[PDB]
Structure formats: structure tokens, C-alpha cells
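Down below is the structure, laid out as C-alpha cells.
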Amino acid sequence: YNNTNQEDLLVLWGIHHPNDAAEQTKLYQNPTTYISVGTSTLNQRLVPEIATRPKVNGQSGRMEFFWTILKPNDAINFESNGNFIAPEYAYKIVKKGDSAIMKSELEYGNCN
Amino acid sequence: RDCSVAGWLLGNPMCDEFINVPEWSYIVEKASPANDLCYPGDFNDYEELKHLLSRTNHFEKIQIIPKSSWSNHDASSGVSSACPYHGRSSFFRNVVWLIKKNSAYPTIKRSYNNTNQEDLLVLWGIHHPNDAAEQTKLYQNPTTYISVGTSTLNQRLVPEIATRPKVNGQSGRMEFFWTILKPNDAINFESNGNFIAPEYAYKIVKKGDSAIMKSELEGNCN
Amino acid sequence: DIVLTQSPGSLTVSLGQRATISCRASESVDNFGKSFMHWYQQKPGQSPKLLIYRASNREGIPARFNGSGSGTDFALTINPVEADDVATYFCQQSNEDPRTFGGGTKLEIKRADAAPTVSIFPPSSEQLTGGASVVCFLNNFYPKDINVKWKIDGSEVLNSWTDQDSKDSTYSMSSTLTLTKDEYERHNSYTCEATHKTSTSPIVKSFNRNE
Amino acid sequence: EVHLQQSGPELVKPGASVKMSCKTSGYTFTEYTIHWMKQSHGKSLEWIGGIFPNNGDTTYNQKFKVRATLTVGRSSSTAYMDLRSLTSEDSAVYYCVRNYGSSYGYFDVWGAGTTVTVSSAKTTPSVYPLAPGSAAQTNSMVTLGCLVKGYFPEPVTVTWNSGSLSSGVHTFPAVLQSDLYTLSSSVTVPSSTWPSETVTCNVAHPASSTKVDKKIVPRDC
Ligand SMILES: *[C@@H]1O[C@H](CO)[C@@H](O[C@@H]2O[C@H](CO)[C@@H](O[C@H]3O[C@H](CO)[C@@H](O)[C@H](O)[C@@H]3O)[C@H](O)[C@H]2NC(C)=O)[C@H](O)[C@H]1NC(C)=O
Ligand SMILES: *[C@@H]1O[C@H](CO)[C@@H](O[C@@H]2O[C@H](CO)[C@@H](O)[C@H](O)[C@H]2NC(C)=O)[C@H](O)[C@H]1NC(C)=O
């Protein structure tokens, strides 16, 4: 994907880490897999790390997510033969400004 | 001037002014120097390396592995149009892009024992090709590794083949590494391909308080 | 003016040993806590070369060069001495204009006594068509001192030595003998007796006019 | 690279004036002061002056204040020196040199050297081959020669086989004979190679636009 916009673009993707070689086979046919992502600045090749882990929300596999910023005339290259959690939607950074992530337990008040 | 610290230390051919620089007080680097990594890629822990520099006043360059000693590999074709010298395709000067010879890339085992009294800064690299084809064309062997060994250092790098956008015409990538070799320690390289070998390393002669000043200026004053 | 005086003027040191050249400044060359002395190397037949700045730090210069000193006197120490070290060495101060240099010190390498490879030559025919020139080379020898004699028919000149060769540490010598055609054609045997410490008896090479 | 290319060797009638040039290349002309050094033939180095390109400020030695004049051509990336009304005194070599930083700086990059000869004499060589005696042979190795006589002014370049032979070669320094220079060269090859091998002597004298070749022919006897 070639970012044709005028803004930086935030792209998210992921890799799936299965429980065993069996689950590996059931989901993606191929037994040894990789995910390579390429950018002007980014270069990575992820290999899924199969292990047996405790169940969290019923699942014992794990998903690992990654992100990068794709500059305005740059392109991102995915190549994978399995365990790939693919981007469908990305985020255009439209307005950069001074903001914050406030940790609070409260909710809106309709005030100003 | 228009060189970056990487460009200087790796020996970008467009950075010949600094082949043998004298002791310095401080270092001046532009914000966004043009002459960085002529062949695209990364310099690992680069910032940590600039920091080490800023605590340093004098590098004496020394030949650690002679280019001439590569009898069974090609140390002459490791050259690219991304790294032009005097209009002719070239490459980083302190580091050697070893290529297969007679359709063979024998396993390399070179070792260097720092006999000096100083810490020594050694740089090397790995080449990440575009496809299995390019892999084969340059180094005969299809699956390769580079292992480096030191009293403290232990790594084994495997080239990560992928198709990447062209940067300066090149779509492959080179990844550079460094370590400090202590005065009676030795560094052990073993590789069967994709190895970008050190030829020259840097003796840390004078450590002192210095700095890398980011400035765009260039005055004969004191 | 800060008069710089180097000592000794000429130094001959054995191969693989230590050369120790001194410098002495009339007044100090030493403020800001650093010494503003510099050493320069002039290998024969070419421009000077920078060895040491501010008296102690090396500029691509091998460690064999030890810059040392402070204040009024300093010292360039070459150790171990190699073959390609034949040169004249200069110290120069920058502490205070006008920039002043030392006299300079010429370094010579002591090596194995070699014998002169003599070879005598008759004048060219092209030259003779009015002057005669008997040339006689004495190449690759040591020690420096040699003694050429010319003999014309038993009865007894421009000489020229090269600098000690940077590569083998041996001198060479030319020894031309110029005459006019007529002055020349009035004799027969032309000889060239070189007397070295190598041979206890004179090395000779001669040629006869008509052959 | 930091190369400094300077002017070619020159000859001046006593009382006249010279203007040797030094062309800068490989760095930013305007960041460093350029200087000139005079070396009285094989003796001592003297500082002449300095000039900073970017604004043309000059700094002279007492000795040369009068006779010398540093100038700079910024577009040309070139430094010039001019010596006015010369004497035998000024016959020596002049180095165009880049000094690093300011008043308290070291000269890091030295140029080749423009060598000036001050004499009223006219521009004038003659080359003679040196084949060994007809009945004498130096054992394992044969010494061969070339003789350059009666030329002015310095210098001349002597090569063997257009330069491909660079081994056993000695080119001796010139000497003054009846107010002309004279020098000799000695190539040394293995006895088997000669006379089979083409041994040619290539001599060049720029000052007269002369280039001569002489082949060593064995003693016709
Ligand atoms: C991502 O998409 C970009 C647009 O499709 C692309 O940029 C394009 O790059 C080409 C060369 O590869 C330029 O070609 C010509 O550009 C101008 C004409 O306006 C002139 O200077 C020359 O004639 C030149 O040859 C395109 O103009 C340029 N297009 C745009 C709209 O900017 C990127 O390079 C793509 N990036 C990656 C990383 O693949
Ligand atoms: C690097 O080289 C030196 C010298 O060749 C090694 O130091 C020697 O170590 C032994 C014991 O292994 C001592 O008994 C010697 O006297 C040492 N020699 C000197 C000159 O110091 C050193 O250990 C080598 N390092 C590696 C990592 O191989």
C-alpha cells in the first residue's frame, strides 16, 4: 500500500502465535511461516513463536500487534505465508496538536 | 559538513575528507546531512554510538582486516551505484561487501585480537537482499548467518529477505552493528554469506568531554 | 622570535633501535596548559609531512613516533626505527608569531656494509661527434663514505650521491669525467678505482679506448 | 579528498616578479585560512603569510611583508601569491598550505611545492645511453644507464620503459657543471633480460618543451 494522502498514516497489523504445530496446520496450511513488512524506514520479519500458554479468555494462543507510521509518499509492503493478521483499516493523522490521555474513572458532563 | 556520523565512520565515499581526521574538541553535524548511509539500511544503537563519540576526542583509524586477505571471496565487486565515488559505483570504505567467487562462498572464519592498549571500535554489517534470487547471485549459499563473538558480545544474525521500496535505487537493505573491543579481548566473525566485513576499525585514543553539536554553520577563529 | 634549536644535527641510528631527537625553545612554548610544538617529517625529495601536533598527539601516523616534552624542551622519539624513516625531522612552534621552525635533524639508518656495484661507461658516439664523457656509477652501498679515483693510462670530475634509499638504506653515486674529443683521443685506458671499507683492496673497472 | 594543486616550476630574471597559484579542491575554500611557506633548498622552513578566502583578510611575516602579496579568487577556489623584485635569495621552493584553525593552528594539508629559479640564464638537455664495457659483465645482474647533460633550468623527469620499470632504478640529483645541470640514471635488470629486453630511457624537460627517448644498444664490438 502506497500512502497517497498528504498526512502521516497509522497502520496496524498482527501476527498469530498458535498453541501447537497442529493448530498451526489447521489454520494456515503451511508449517513454517513468516511475516515481512517493508517501508522506507521499517524492516521486519516476524516468525510465529508456537508455545503452550495458559488460557486467557478461553484462548491459549496469542496475538502480537505492531504499528508504524507511513509517511505521505512512502509505501508499506506485506509479504506473508501464514499467521498474518492483516490491516483492513488504517488511520490518517489529520490534526496534530497538544492533547493528552487523561486517566480518569469519570464520564462526560455536557459542560464546558 | 554534509556528512553524518554514520557516513563518516562507515566511510561513505562522498565523505573522503574524513579518512584520517585529527584530534577534535567538539563535533559539528548538520540537522539532516545528505551523505548518510549511501546504500539504504539501519545503524543499530546508533544514538548510543553518537553518545560514545561525544565522550571522545580522538580516533586513530587502523586496518583490522586487510581487503587483500580475501583470497577466496570477491572483495572488489561489493560495489553499488547507490554509493558513487567519482561517478563510478563504489561502497563504504572501512567495511567490505564480500561477494561469492567462482560461484562459491566458502565459510569465513576471521578473528581479531585487540593488542592495543585502547578500547577499539569495530563496525560490521549484514546484507538483506530482495529475493532468494539476489541471495543466490551474490552469495552462492541460500541460507546464511553471521555470528560475532566477544568476551561480552554474542550474536548470530540471519538476513531477512523481503521486497522493500527502492531507496537510492536499491531495494535491499544493509544493517550495521558495532561493539567495543576491550584491550586484550578478541572478536570472532564466522559467516557463510551476506557479511559486510570490517576492514578498518577505530582506536579510541583520547576520551574526554566533548559533544555533537547540531548546527548548520561552518570561522578560523578561537 | 622564539628561536627553536634542534639537537643533534645529524643522527645515525641502527635499524630496529631508538632515534631520539631533541628540541629546545628560547622561551616557553607552553601556555593554556598545552605545549604548542609540532613535529614534521621530510622524507627526501618531497614536501614535509605532519607527524605530531601540540607536542604529544599523533596525526595515519604509526605508533613508533613518540611525541614528548613540555615547556622549553621536547623530544621526538622514533622507536623502533624502520627503513622508511630516512628523513629530516623538524619541530616548529605555534605559541607565538612569527612561526618559527627548528634547524631540522637528518636521520640515517645503520645497516649491513654493502659493496659498491661499480660499472664504467665510455662516451657516446653521438656526443663525440666534440666532447668525451666517461661515466662511472657506484650503486647500492653502505657506509656513505666512498672514494672514487680516476686513472688515465696509469696516471691519476663531477660526483653526485643519492640520498639514503628509503627502501634498502643504501647510497648510490655517479662520477662523470668530461674531456674534449682531442684531449680524449690522446690516451687509451680509462680506469675507476673505488676504495671502500668493504673491500680492503680497491674495486676497479676500466675500459680501453680502441677495441 | 583535500588536494591542493599548485603552479608549475618557474624561472625569473632577477628584479622581475612571479605569481604562483594554488588551486583548492575537496573542502570548503571559505572555512580555512590558506598560507605560504618558503623553504631555502634543503635547509629550513619559513612562514610567509596567510589569507582567509571568505573575506580576504591577510596576515604576513615581518620578513615578507614587502615582497609578498597573498590574494584569493573565490569563484576560482584559488589562492595566489606574488613575489615582487626577486633576488637569488628567493630562489627556493614555495608551498601552498592549508592551516586548520586560526592564529593558533596547525598546517594539516601541504601542497606539492612550486619551485622558483632566479637566474638571468637562458632556457637550455642532451641524452646519452650507457651500455657496459664490451668485455666485462657484472655477474647475476647487469647495470644500465642514461646520462642527461647540459640543461637549464631544473627539473627533468627520467623514466624507464615509459615507466613500467620502477624497480632497480636510481635517478641521481642534478649537479652544476659550467652553469648547466647534469644528471644520470641507473636501471638494474637481471643479466638474462638484456640485451633481449627493450630498455628505453624516457627523459622530459618541460621548460624547453622537450621529450626524448634513448634505447640502450649493447657495445658494438
Ligand atoms: C508512491 O506513489 C507516488 C505517486 O504514484 C510515487 O511518486 C511518484 O514517483 C515518480 C518516480 O518514481 C515521479 O516521476 C516524475 O515526477 C515529476 C513529475 O511531476 C518529475 O520530477 C519527473 O519527470 C519524474 O520522473 C512521480 O511524479 C511521483 N508522483 C507523485 C504523485 O508524487 C512514489 O515514489 C510511490 N512510493 C513508493 C515508496 O512506492
Ligand atoms: C589476545 O592476545 C594476547 C597476547 O597474544 C593474549 O594474552 C596472553 O594470554 C596468556 C594466557 O592465555 C598469558 O599467559 C600471556 O602472557 C598473554 N600475552 C600478552 C602479550 O599479554 C589474550 O588472552 C588474547 N585474547 C583472546 C581473547 O584470544
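Residue numbers (my numbering), protein chains in the order written: chain A, 131 to 242; chain B, 2 to 223; chain C, 922 to 1132; chain D, 767 to 987. Even for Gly, the Cβ is constructed at its ideal location relative to N, Cα and C.
Residue i burial status per 10 Å Cβ neighbour count (16 or more: buried)
i	result
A198(B)	buried
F957(C)	buried
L971(C)	buried
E179(A)	exposed
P972(D)	exposed
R94(B)	buried
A212(B)	exposed
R939(C)	exposed
residue 1(B)	Here chain B comprises residues numbered 2 to 223, so residue 1(B) is not present and cannot be evaluated.
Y140(B)	buried
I223(A)	exposed
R165(B)	buried
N115(B)	buried
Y974(C)	buried
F195(A)	exposed
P956(D)	exposed
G191(A)	buried
beta-carbon residue i near ligand 2 non-hydrogen atom, thresh 7 Å
i	result
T824(D)	no
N185(B)	yes
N155(B)	no
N114(B)	yes
Per-residue contacts from residue i into chain B (C-beta, under 9 Å)
i	result
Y961(C)	Per Cβ cutoff of 9 Å: no residues; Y961(C) is ~14 Å from chain B at best.
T799(D)	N221
Proximity test, Cβ basis, 8 Å: residue i and chain B
i	result
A216(A)	no
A230(A)	no
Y793(D)	yes
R1032(C)	no
residue 1140(C)	Here chain C has residues from 922 to 1132 only, and residue 1140(C) is not among them.
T844(D)	no
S932(D)	no
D204(A)	yes
Proximal residues of chain C, C-beta to C-beta of residue i below 7 Å
i	result
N114(B)	Simply none; closest approach about 17 Å.
Amino acids of chain F, ordered along the chain, whose beta-carbon sits closer than 7 Å to that of residue i
i	result
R175(A)	As a matter of chain content, chain F is missing from the structure shown, whose protein chains are A, B, C and D.
heavy atom of ligand 4 below 7 Å from residue i C-beta
i	result
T198(A)	With respect to ligand 4, the structure shown offers nothing to examine, as its ligands consist of ligand 1 and ligand 2.
Contact test: residue i Cβ vs ligand 1 heavy atom, cutoff 7 Å
i	result
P969(C)	no
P166(B)	yes
Any chain C beta carbon closer than 8 Å to residue i
i	result
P956(D)	no
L913(D)	yes
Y947(D)	no
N827(D)	yes
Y861(D)	yes
Closer than 8 Å to chain D by CB, residue i
i	result
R89(B)	no
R2(B)	yes
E30(B)	no
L1100(C)	no
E219(B)	yes
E1114(C)	no
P1064(C)	no
Contact list for residue i against chain B, beta-carbon separation under 8 Å
i	result
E209(A)	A163 and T164
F818(D)	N221
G815(D)	Under the 8 Å cutoff, chain B gives no residues; its nearest Cβ is about 14 Å from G815(D).
Where residue i meets chain B, residues with beta-carbon distance less than 7 Å
i	result
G981(C)	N21
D848(D)	Chain B residues near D848(D): none, gap ~22 Å exceeds 7 Å.
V768(D)	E18
Partner residues on chain C for residue i, Cβ-Cβ distance less than 8 Å
i	result
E24(B)	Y974 and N978
Listed by chain order, chain C residues near residue i by CB distance under 9 Å
i	result
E61(B)	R979, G981, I982 and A984
Per-residue contacts from residue i into chain A (C-beta, under 8 Å)
i	result
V168(B)	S170
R174(B)	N173
Chain-ordered chain D contacts of residue i [CB-CB under 8 Å]
i	result
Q1013(C)	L811
Chain D contact residues for residue i, given Cβ-Cβ distances below 7 Å
i	result
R1020(C)	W813
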